[PDB]
Amino acid sequence: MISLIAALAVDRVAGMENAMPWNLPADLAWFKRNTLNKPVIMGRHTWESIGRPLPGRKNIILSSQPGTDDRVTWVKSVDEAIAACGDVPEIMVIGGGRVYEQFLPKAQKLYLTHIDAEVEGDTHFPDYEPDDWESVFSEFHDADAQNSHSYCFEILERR
Ligand SMILES: NC(=O)c1ccc[n+]([C@@H]2O[C@H](COP(=O)([O-])OP(=O)(O)OC[C@H]3O[C@@H](n4cnc5c(N)ncnc54)[C@H](OP(=O)(O)O)[C@@H]3O)[C@@H](O)[C@H]2O)c1
Ligand SMILES: Nc1nc(=O)c2nc(CNc3ccc(C(=O)N[C@@H](CCC(=O)O)C(=O)O)cc3)cnc2[nH]1
C-alpha cells in the first residue's frame with residue numbers, strides 16, 4: 001500500500017520558503033518511527049531541504065532530470081517511483097506539496113501531525129474528505145519545554 005506522511009499546520013499549511021517555524025522533536029521522532037525500514041518517495045525540493053539521505057530507508061527522489069547524488073535513487077515519474085520500491089508492504093510518500101497531490105489518489109493511509117500553529121505558507125497538504133477516511137488512531141500532545149506547539153498525531157485509512 002501507499003501511505004502519505006506530513007505535518008500540517010492550520011489550513012493544511014505544510015511548507016514555506018524556509019524551514020517551518022516550529023521545534024517539534026516529538027513529531028520528528030514519529031516521522032522516523034513510521035518511515036524507518038520502508039521506501040520513502042520525495043520530490044527534489046524536499047530532498048534538498050532534508051540535505052542528506054534519510055538513514056535506514058530506501059530514498060527515492062522524483063526529478064525530471066538525471067540525479068545529482070549517487071547515494072539515492074532518482075526517478076522521473078510516479079509509476080517509476082512505485083516500481084523502484086519493489087515488493088514491500090508499505091511505501092511512504094514524504095512530500096512535498098507537488099508530490100503529495102500526485103500520490104494522494106493512490107494512497108490507502110495517511111499519517112498526519114496536526115500542529116496548532118496559525119501560520120502562512122506557500123505549500124499545502126492536498127484536500128482530503130474525512131468521510132472517505134476512517135480515523136484509526138489519534139494522540140494529542142500539548143506544547144512543552146521541548147516542543148514549541150501542540151501537536152496531534154492521526155492515522156487515517158481509506159474506506
Ligand atoms: N510539512 C511536511 O510534512 C513537509 C514534508 C515535505 C516537504 N515539506 C515542504 O514542502 C516544500 C516542498 O514542496 P514542493 O511542492 O515545493 O516540492 P517537492 O514536491 O518536494 O518537489 C518538487 C519537485 O519534484 C519533482 N517532481 C515532482 N513530481 C514529479 C514527477 N511526476 N515527475 C518528475 N519530477 C517530479 C520535480 O523536480 P524537477 O524540478 O527536478 O523536475 C519538482 O520540481 C518545502 O517547503 C518543504 O519544506 C513539508
Ligand atoms: N510528520 C512529519 N513531520 C515532518 O517534519 C516531516 N517532514 C518531512 C520532510 N522533511 C524532513 C526533514 C528532516 C527530517 C529528518 O532529519 N529526520 C530524521 C529524524 C530527525 C532527527 O534526526 O532529529 C529521520 O531519521 O527521519 C525528515 C524529514 C516529511 N514529512 C513529515 N512528516
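Each residue takes its place number in the sequence, starting with 1.
- Between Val99 and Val93 the shortest side-chain heavy-atom distance falls below 4.5 Å.
- Under the 4.5 Å side-chain heavy-atom criterion for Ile, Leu, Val, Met, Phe, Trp and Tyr, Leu110 and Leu8 are members of the same hydrophobic cluster.
- In terms of heavy atoms, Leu36 sits closest to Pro55 at CD2-O, 3.5 Å.
- Looking at every heavy atom in both residues, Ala81 comes nearest to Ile41 through CB-CD1, 3.9 Å.
- One finds the CH2 atom of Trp133 at 4.0 Å from the CZ atom of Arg158 (value rounded to the nearest 0.5 Å).
- The hydrophobic cluster containing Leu24 does not contain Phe140, counting ILVMFWY residues as joined when their side-chain heavy atoms lie under 4.5 angstrom apart, directly or transitively.
- Judged purely by atom type and a 3.5 angstrom limit, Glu101 has no side-chain atom pairing as donor or acceptor with the backbone of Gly97.
- When atom types are taken as modelled, the side chain of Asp144 and the backbone of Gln146 share a donor-acceptor pair closer than 3.5 angstrom.
- Taking each heavy atom of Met20 and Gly15 in turn, the nearest pair found is SD-CA, 3.4 Å.
- Remark: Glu134 does not engage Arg159 in a salt bridge, criterion side-chain N to carboxylate O under 4.0 Å.
- Tracing side-chain contacts under 4.5 Å through hydrophobic residues (I, L, V, M, F, W, Y), one never reaches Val10 starting from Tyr100; they form parts of separate clusters.
- The two residues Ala84 and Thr73 have their closest heavy-atom pair at CB-CG2, 4.5 Å.
- Counting heavy atoms from C-beta on, the side chains of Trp74 and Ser64 never come closer than 4.5 Å.
- In terms of hydrophobic clustering, with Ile, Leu, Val, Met, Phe, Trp and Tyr side chains grouped at heavy-atom distances under 4.5 Å, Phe153 and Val136 are assigned to a common cluster.
- Residues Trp47 and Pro53 share a closest heavy-atom pair of CZ3-N, 3.6 Å.
- Looking at heavy atoms from C-beta onward, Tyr111 lies in side-chain contact with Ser3 at the 4.5 angstrom threshold.
- Contact of the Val72 side chain with the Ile60 side chain is not registered, since no non-hydrogen atoms from C-beta on lie closer than 4.5 Å.
- Heavy atoms only, all atoms of each residue included: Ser138 and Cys152 are closest at OG-SG, 3.7 Å.
- In terms of modelled atom types and a separation under 3.5 Å, the side chain of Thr46 and the main chain of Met42 share no donor-acceptor contact.
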**Request:** Give the intermediate values and the outcome of side chain to side chain contact (heavy atoms under 4.5 Å, CB included) for residues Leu4 and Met92.
**Result:** CA-CA 6 Å; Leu4 282 53; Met92 304 296 295; over 6 Å; no

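- Taking the six-membered ring where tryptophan is involved, the planes of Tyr151 and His141 are essentially parallel, since the angle between them stays under 30° and well short of 60°.
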Could you pull out every donor-acceptor pair under 3.5 Å between side chains of residues 115-130 and any protein atom, sequence neighbours left out?
{"from": "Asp127", "atom 1": "OD1", "to": "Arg12", "atom 2": "NH1", "distance (Å)": "3.4"}
{"from": "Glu129", "atom 1": "OE2", "to": "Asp131", "atom 2": "N", "distance (Å)": "2.9"}

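- With a 4.5 Å cut-off on side-chain heavy atoms, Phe103 and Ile91 do not count as touching.
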**Item:** Audit row: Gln65, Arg44, side chain to side chain contact (heavy atoms under 4.5 Å, CB included) steps and yes/no
**Value:** CA-CA 10 Å; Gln65 290 289 134; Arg44 180 184 51 90; over 6 Å; no

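- Here NE2 of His114 is found 12.5 Å from CD of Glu139. Values are rounded to the nearest 0.5 Å.
- A 6.0 Å sphere centred on CG of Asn37 holds no more than 12 heavy atoms belonging to other residues, nucleotides or ligands.
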**Request:** May I have the step-by-step check of side chain to side chain contact (heavy atoms under 4.5 Å, CB included) for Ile5 and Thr35, ending in yes or no?
**Result:** CA-CA 9 Å; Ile5 183 158; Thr35 59; 4.1 Å; yes

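- Residues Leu62 and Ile82 share a single hydrophobic cluster, defined by chaining ILVMFWY side chains whose heavy atoms lie under 4.5 Å apart.
- At a threshold of 4.5 Å between non-hydrogen side-chain atoms, the residues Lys38 and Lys58 do not count as touching.
- Rounding to the nearest 0.5 Å gives a distance of 12.5 Å between CZ of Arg33 and CZ of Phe31.
- The 12-atom threshold is not exceeded at CG of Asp11, counting heavy atoms of other residues, nucleotides or ligands nearer than 6.0 Å.
- Two residues are said to be in side-chain contact when any heavy atoms from C-beta on lie closer than 4.5 Å; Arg57 and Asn59 meet this criterion.
- Environment of CG in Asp132: crowded, with over 12 heavy atoms of neighbouring residues, nucleotides or ligands closer than 6.0 Å.
- A donor-acceptor pair shorter than 3.5 Å can be found between the side chains of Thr113 and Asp27.
- By the neighbour-count criterion of 12 heavy atoms within 6.0 Å, atom NZ of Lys109 is densely surrounded, having more than that number from other residues, nucleotides or ligands.
- Contact of the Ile50 side chain with the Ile94 side chain is registered, since non-hydrogen atoms from C-beta on lie closer than 4.5 Å.
- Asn34 places a side-chain N or O within donor-acceptor distance of the main-chain N or O of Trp30, the cut-off being under 3.5 Å.
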